[PDB]
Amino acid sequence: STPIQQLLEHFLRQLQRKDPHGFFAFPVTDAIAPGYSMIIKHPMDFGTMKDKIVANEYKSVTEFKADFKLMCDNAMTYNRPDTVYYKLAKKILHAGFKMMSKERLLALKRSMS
């Protein structure tokens, strides 16, 4: 509904397309993941990121990237390396940081001249 909201909704869509199972769609709770609220002090997921975009809570692309990387880092902390959760998190962390790279953002900035 503002330019930044629209750009971030775009990025979120593209990241969520890489999670066909919806592993990261909603907050992980203790009711599904024993010890999660002890092990993971700052949970994050795509649903919560969608809400923050909607609420225009991200001042910048940096802040949005921070939330994305927190989500992936938590998945890689709580879950063992042979799991679907860990693997996908590692994968989509690198895919998303390529998508939203400093170089790609600079080009986007020149185009907004």
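Throughout, rigid core stands for the largest set of C-alpha atoms superposing within 1.5 Å between the two forms. The numbering used is simple: start at 1 and walk along the sequence shown.
Per-stretch RMS Cα distance to the displayed form in 8 other deposited structures of this protein, following rigid core alignment, is highest for 30-38 when 30-38 and 62-70 are compared.
Look at the C-alpha B-factors of 54-62 and of 74-82. On average they run higher in 54-62.
Higher mean CA temperature factor between 86-94 and 100-108: 100-108, per the PDB entry. For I40, the recorded CA temperature factor ranks within the lowest third of the chain's modelled residues.
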